[PDB]
Engineer: 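So that we are looking at the same thing, I have put the structure below in structure tokens.
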Amino acid sequence: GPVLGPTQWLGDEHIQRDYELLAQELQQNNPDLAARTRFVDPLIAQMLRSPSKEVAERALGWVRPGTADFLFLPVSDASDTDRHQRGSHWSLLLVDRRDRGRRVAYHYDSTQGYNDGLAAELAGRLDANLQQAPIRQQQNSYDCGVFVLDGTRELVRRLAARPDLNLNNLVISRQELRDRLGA
Amino acid sequence: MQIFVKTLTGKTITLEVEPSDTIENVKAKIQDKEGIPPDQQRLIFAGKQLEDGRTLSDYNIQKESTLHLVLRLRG
């Protein structure tokens, strides 16, 4: 699996599984771009913003940013401490490090501004300037994780071709995601 | 043998385990001390999530290793 219902919120297990699928696809079709790219585990992305600097530096060592051109971080607003606050929203941070002097973290949030506080924390930990980037806004209460996953896949397609990072025209498909995870 | 589980806040949980212990067994041991149900836990070692069915020895986790605990996410 893990399988996903028609209106089910995505968990970290769904996001990580699609990121593993994508990581394997990219290393097959574009191994050079795949070596330059990190699809960061959502749990490791939360560790990156930990108030414990020893936990954050461990997470940094797993991400290996110093050799990456692009970091894709799913951003959850789950609490660091409260077992009963496991998150309400997913957004996407793409950190472009190609210019090692002006790294930028593009924040794609399908509810604009929702996760901006956490996005700024992550960008600071990654030595990037935060910039809100356009993505189609969600039209229901359950698809933010699908925006994160399909936005990631669309950005990967655009990075392979030379560019346009405007995701206002993003078309998402929960159906295609459920098929990917179920197969 | 002794292993350590590090929390997102940097707190250290000390567990007593065997190499034959499954990851699920380890999560139960965390529940025994912290009260967190296993279904909420994820355990990470060397950047990889640990599957409930494998043992510590499967992942080459040896005495005094540190694992990282991150609770499940949803959105």
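Any value given below was found using the heavy atoms of this structure, including those in side chains, with hydrogens, waters and symmetry copies removed. Here is the naming used below: chain letters follow the sequence lines, and residue numbers restart at 1 for every chain.
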Engineer: Under the 3.5 angstrom rule, does the side chain of B:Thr9 hit a backbone N or O of A:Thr81 as a donor-acceptor pair?
Structural biologist: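 Checking the backbone N and O of A:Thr81 against the side chain of B:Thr9, no donor-acceptor pair under 3.5 Å is found.
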Engineer: Picking from A:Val75, A:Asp12, A:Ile15, what satisfies side-chain contact (heavy atoms from CB on, under 4.5 Å) with B:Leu73?
Structural biologist: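 Testing B:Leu73 for a side-chain contact (heavy atoms from CB on, under 4.5 Å) against A:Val75, A:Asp12, A:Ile15 leaves exactly one candidate, A:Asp12.
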Engineer: May I ask you to name which of A:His89, A:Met47, A:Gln8 has the most heavy-atom pairs under 4.5 Å with chain B?
Structural biologist: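 That would be A:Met47.
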Engineer: Please state whether the side chain, the backbone, both or neither of A:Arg49 comes within less than 4.5 Å of a heavy atom of chain B.
Structural biologist: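 Contact with chain B involves no heavy atom of A:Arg49 at all.
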Engineer: Tell me, for A:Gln85 versus chain B, whether the close heavy atoms (under 4.5 Å) come from the side chain, the backbone, both or neither.
Structural biologist: neither
Engineer: For B:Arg54, I'd like to know if atom CZ has over 12 heavy atoms of other residues, nucleotides or ligands within 6.0 Å.
Structural biologist: no
Engineer: Taking side chain as everything from C-beta outward and backbone as N, CA, C, O, which of these in A:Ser76 sits under 4.5 Å from a heavy atom of chain B? Side chain, backbone, both or neither.
Structural biologist: side chain
Engineer: Taking atom CD of A:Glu25 as the centre, report whether more than 12 heavy atoms of other residues, nucleotides or ligands fall under 6.0 Å from it.
Structural biologist: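 Atom CD in A:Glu25 is crowded, with more than 12 foreign heavy atoms closer than 6.0 Å.
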Engineer: Near B:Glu64 CD, under 6.0 Å, is it more than 12 heavy atoms from other residues, nucleotides or ligands?
Structural biologist: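 Correct, the count exceeds 12.
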Engineer: Does A:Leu149 share a hydrophobic cluster with A:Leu181, counting links as ILVMFWY side-chain heavy atoms below 4.5 Å and allowing steps through other members?
Structural biologist: yes
Engineer: Just so I understand: if I count every heavy-atom pair under 4.5 Å between each of A:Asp143, A:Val148, A:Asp41, A:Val63 and chain B, which residue has the most?
Structural biologist: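 Counting heavy-atom pairs under 4.5 Å, the top option is A:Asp41.
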Engineer: Below 4.5 Å from any heavy atom of chain B, which atoms of A:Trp9 appear? Answer side chain, backbone, both or neither.
Structural biologist: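 The answer is both parts of A:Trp9.
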Engineer: Does CD in A:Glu54 sit with more than 12 non-hydrogen atoms of other residues, nucleotides or ligands closer than 6.0 Å?
Structural biologist: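 No.
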Engineer: Is any side-chain heavy atom of B:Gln49 less than 4.5 Å from a side-chain heavy atom of A:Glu13?
Structural biologist: no
Engineer: Just so I understand: if I count every heavy-atom pair under 4.5 Å between each of A:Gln16, A:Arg58, A:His14 and chain B, which residue has the most?
Structural biologist: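 The answer is A:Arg58.
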Engineer: Restricting to non-hydrogen atoms, name the atom on B:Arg74 and the atom on A:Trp90 that form the minimum distance, rounded to 0.1 Å.
Structural biologist: C-NE1, 3.8 Å
Engineer: Under 4.5 Å between side-chain heavy atoms, counting indirect links through other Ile/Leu/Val/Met/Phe/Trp/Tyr residues: same cluster for B:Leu8 and B:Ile36 or not?
Structural biologist: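 Unlinked, B:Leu8 and B:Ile36 end up in two clusters.
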Engineer: Looking only at heavy atoms, which two atoms of A:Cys144 and B:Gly75 are closest? And how far apart?
Structural biologist: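 Of all heavy-atom pairs spanning A:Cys144 and B:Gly75, the closest is SG-C, 3.5 Å.
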Engineer: Please give me the minimum heavy-atom distance between A:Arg83 and B:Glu34, naming the atom from each residue.
Structural biologist: NH2-O, 3.0 Å
Engineer: Near A:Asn129 CG, under 6.0 Å, is it more than 12 heavy atoms from other residues, nucleotides or ligands?
Structural biologist: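 No, the 6.0 Å shell around CG holds no more than 12 heavy atoms from other groups.
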Engineer: Any chain of hydrophobic side-chain contacts (each under 4.5 Å) joining B:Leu43 to A:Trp62?
Structural biologist: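 Hydrophobic grouping puts B:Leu43 apart from A:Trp62.
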Engineer: Is there a path from B:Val5 to B:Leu56 through hydrophobic residues (I, L, V, M, F, W, Y) whose side chains come within less than 4.5 Å of each other?
Structural biologist: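 Linked within one cluster.
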Engineer: Considering the options A:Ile44, A:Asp80, A:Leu43, A:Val55, which one meets the side-chain contact (heavy atoms from CB on, under 4.5 Å) requirement together with B:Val70?
Structural biologist: A:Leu43
